[PDB]
Amino acid sequence: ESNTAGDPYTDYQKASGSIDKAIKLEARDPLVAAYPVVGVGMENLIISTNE
Amino acid sequence: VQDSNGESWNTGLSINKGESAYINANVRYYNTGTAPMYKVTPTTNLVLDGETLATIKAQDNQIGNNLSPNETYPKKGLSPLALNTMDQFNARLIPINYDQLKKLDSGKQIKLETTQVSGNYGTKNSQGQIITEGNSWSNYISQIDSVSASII
Amino acid sequence: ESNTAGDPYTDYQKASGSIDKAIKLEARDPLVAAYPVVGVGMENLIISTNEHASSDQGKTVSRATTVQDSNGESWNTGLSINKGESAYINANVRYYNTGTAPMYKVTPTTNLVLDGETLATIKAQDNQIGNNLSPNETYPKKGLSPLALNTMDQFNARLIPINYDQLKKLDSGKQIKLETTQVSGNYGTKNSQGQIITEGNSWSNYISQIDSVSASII
Amino acid sequence: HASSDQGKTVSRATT
Ligand SMILES: [Ca+2]
Ligand SMILES: [Ca+2]
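Protein chains in written order, with the UniProt record's numbering: chain G, 262 to 312; chain H, 366 to 517; chain L, 262 to 327, 366 to 517; chain P, 313 to 327.
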């Protein structure tokens, strides 16, 4: 398998670090996937009553 | 003969019962992974008392260019985004009808929930230039979630 | 045949497993087709009747000398309605997959049928597209609230209207049914460099070829 | 486009 973890980067690109430099150190192990988990959080909510 | 000197003053108020109010949510994005996301495009449901009022995809005003792991968009010391519109071109505001407005004027809250997020990854092309355009993260979400074990 | 089953993947690609890793196990047999079966299901339906209601008050004073005086009041209440766009419809849907392959960029088309007549055929635009639909799962996922099929426009700016007769009969036992007439979506293939690409890879180019050369087993 | 309306009125007149 060239991409062991299933992410866009191969085993060599991850081990050798020749990828994006914002990827966490953790994710340069071929077994740990480089993978973002993004979520949204609402702060407040405003109602424009259009009479 | 006769004379008359009258005065008058009137006050009126109208309302549309299909678009009785406009909704504006203030949001912030969060990354808790090991990779940064470029061109972050979330999709969110706005749920009020069982019913989903609107499913909104983040358009050009609400997209975040970079989102590194363990950080937010906007950054920590900024105010949250405004999720104003439902249109592809940021020209159409999010409406709610008369019953949803009447119950919103009570203890009822509107909850938000992220159904998915879009975004790109970066790769170095022929010359040493990082490209993050055709590099959708969605082509790998199923392939990663299927071959893996999840640890939080 | 290089593609015995009629799916986008050859015999060697399926047998050896060098394809998408979300493809179900059985679908890596050359005879079983890698093929998703996506359907839509409605959860509830909301009606925004768009009347226009008006209130008004008023005072008035008056004097009249040949002597006289007068102090009148008023308060009025009106209500108007359009009969071609008497209400707006909002359906809450959720997509399902019961196939052996994931669908990327799931774009369904649904009829909204009310007492014999189809009110609208809606194609899922940018707000209502699901990026991933892996087999035996839903969009949105199990623990989320359903989508809002809110608009009928290519740009998500035009709401779904119903006229006065459809609204009047909808204020009765009449229900609006939803039915999926088709679903479109992409599949993934590894390109020259090992990047998965799911853009020109439409699933509709193989639905007829698969449905013709196959036997169906539910 | 169908429209309805109601209305009341009170009045007093003193010579
Ligand atoms: Ca390897
Ligand atoms: Ca063959």
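Positions of the beta carbon are idealized from the N, C-alpha and C atoms, including for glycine.
Any chain H beta carbon closer than 7 angstroms to residue i
| i | result |
| --- | --- |
| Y296 (chain G) | yes |
| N430 (chain L) | yes |
| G267 (chain G) | yes |
| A276 (chain G) | no |
| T408 (chain L) | no |
| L411 (chain L) | no |
| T271 (chain G) | no |
| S309 (chain G) | yes |
| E287 (chain G) | yes |
| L306 (chain G) | yes |
Rounded C-alpha distance that separates residue i from residue j
| i | j | result |
| --- | --- | --- |
| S316 (chain L) | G302 (chain G) | 39 angstroms |
| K320 (chain L) | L306 (chain L) | 44 angstroms |
| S471 (chain L) | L411 (chain H) | 28 angstroms |
| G267 (chain G) | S444 (chain H) | 36 angstroms |
| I308 (chain G) | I461 (chain H) | 9 angstroms |
| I509 (chain H) | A514 (chain L) | 31 angstroms |
| residue 534 (chain H) | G371 (chain L) | Because residue 534 (chain H) is not part of the residues shown, which for chain H are 366 to 517, the question remains open. |
| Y395 (chain H) | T479 (chain H) | 11 angstroms |
| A447 (chain H) | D272 (chain L) | 51 angstroms |
| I516 (chain L) | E287 (chain L) | 13 angstroms |
| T327 (chain L) | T326 (chain P) | 14 angstroms |
| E312 (chain G) | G442 (chain L) | 37 angstroms |
| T310 (chain L) | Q427 (chain L) | 23 angstroms |
| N449 (chain H) | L418 (chain H) | 14 angstroms |
| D425 (chain H) | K282 (chain L) | 33 angstroms |
| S511 (chain H) | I380 (chain H) | 51 angstroms |
| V298 (chain L) | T409 (chain L) | 15 angstroms |
| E416 (chain L) | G383 (chain L) | 16 angstroms |
| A314 (chain P) | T420 (chain H) | 33 angstroms |
| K440 (chain L) | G493 (chain H) | 39 angstroms |
Where the alpha helix (DSSP H) containing residue i begins and where it ends
| i | result |
| --- | --- |
| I506 (chain L) | 506–511 |
| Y273 (chain G) | 272–276 |
| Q465 (chain L) | 463–469 |
Close-in-space but distant-in-sequence residues of the same chain around residue i (CB under 7 angstroms, 5 per side omitted)
| i | result |
| --- | --- |
| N485 (chain L) | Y403, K404, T497, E498, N500, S501, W502 |
| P401 (chain H) | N431, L432, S433, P434 |
| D414 (chain H) | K468, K473 |
| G429 (chain H) | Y394, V405, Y438 |
| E436 (chain L) | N396 |
| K476 (chain L) | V412 |
| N490 (chain H) | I496 |
| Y296 (chain L) | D268, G398, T399, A400, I509 |
| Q274 (chain L) | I280 |
| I284 (chain G) | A295 |
| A276 (chain G) | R289, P291 |
| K422 (chain H) | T406, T408 |
| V293 (chain G) | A266, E287 |
Beta carbon proximity, residue i to chain G, threshold 7 angstroms
| i | result |
| --- | --- |
| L443 (chain H) | no |
| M451 (chain H) | no |
| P439 (chain H) | no |
| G415 (chain H) | no |
Cutoff 7 angstroms: residue i Cβ touching any chain P Cβ
| i | result |
| --- | --- |
| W374 (chain L) | yes |
| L378 (chain L) | yes |
| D281 (chain L) | no |
| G371 (chain L) | yes |
7 angstroms Cβ cutoff, residue i in contact with chain L
| i | result |
| --- | --- |
| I459 (chain H) | no |
| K382 (chain H) | yes |
| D470 (chain H) | no |
| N455 (chain H) | no |
Own chain partners of residue i with C-beta closer than 6 angstroms, once the 5 adjacent residues on each side are dropped
| i | result |
| --- | --- |
| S323 (chain L) | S369 |
| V482 (chain H) | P407 |
| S385 (chain L) | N462, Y463, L466 |
| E304 (chain L) | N391, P445 |
| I388 (chain H) | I459, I461 |
| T265 (chain G) | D272, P291 |
| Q367 (chain H) | none |
| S263 (chain L) | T271 |
| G278 (chain L) | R289 |
| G487 (chain H) | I495, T497 |
| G300 (chain G) | none |
Own chain residues within Cβ distance below 8 angstroms of residue i, not counting five before or after
| i | result |
| --- | --- |
| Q318 (chain P) | none |
First through last residue of the beta strand (DSSP E) which encompasses residue i
| i | result |
| --- | --- |
| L448 (chain H) | 446–448 |
| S315 (chain P) | 314–320 |
| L432 (chain H) | 429–432 |
| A390 (chain H) | 386–396 |
| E478 (chain L) | 476–485 |
| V293 (chain L) | No beta strand (DSSP E) holds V293 (chain L); DSSP gives it neither H nor E. |
At least three beta-carbon pairs within less than 8 angstroms, the stretch 369–376 of chain H to the stretch 447–454 of chain H | Verdict: no, contact absent.
Pairing CB atoms from the stretch 488–507 of chain L with CB atoms from the stretch 498–508 of chain H, are three or more of them under 8 angstroms?
-> By the Cβ criterion, the stretch 488–507 of chain L is in contact with the stretch 498–508 of chain H, since at least three pairs of Cβ atoms, one from each stretch, lie closer than 8 angstroms.
Name all residues in chain order for which at least one heavy atom of ligand 3 lies closer than 6 angstroms to the residue's CB.
-> This structure lacks ligand 3; its bound ligands are ligand 1 and ligand 2.
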